[PDB]
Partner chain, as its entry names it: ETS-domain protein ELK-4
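First, one chain by itself: the form solved without its partner chain, in structure tokens.
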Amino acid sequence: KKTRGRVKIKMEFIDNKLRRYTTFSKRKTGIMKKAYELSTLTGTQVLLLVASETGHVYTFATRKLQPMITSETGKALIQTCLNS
């Protein structure tokens, strides 16, 4: 009645520069929440890396996988992938 509720949106790239962003920031906090829940609950190594259109890179990495994004050998391979 009041609000339309959570709309069932199509799993296709959002085109409205604004919405997209709004979604991006929400799902991001959410998925990271998950990587933490999954990590924690089952105590399993987990690595999560997300990079926004700006290029800002966000990550979650359990104790052991940390090197994957801290070391220079890794921090390198990454910048390297986000290219062409």
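Residue numbers count along the first chain shown, from 1.
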Task: 24 to 32 versus 50 to 58 - which carries the larger mean C-alpha B factor in the record - done: 50 to 58
Open item on the list: Highest mean C-alpha temperature factor of the two stretches 59 to 67 and 7 to 15, which is it?
Closed with: 7 to 15
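There is also a form deposited with its partner chain bound; it is not shown, and the following applies to it.
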Open item on the list: Whether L82 contacts its partner chain in the deposited bound form should be assessed with a 4.5 Å heavy atom distance threshold; does it?
Closed with: yes
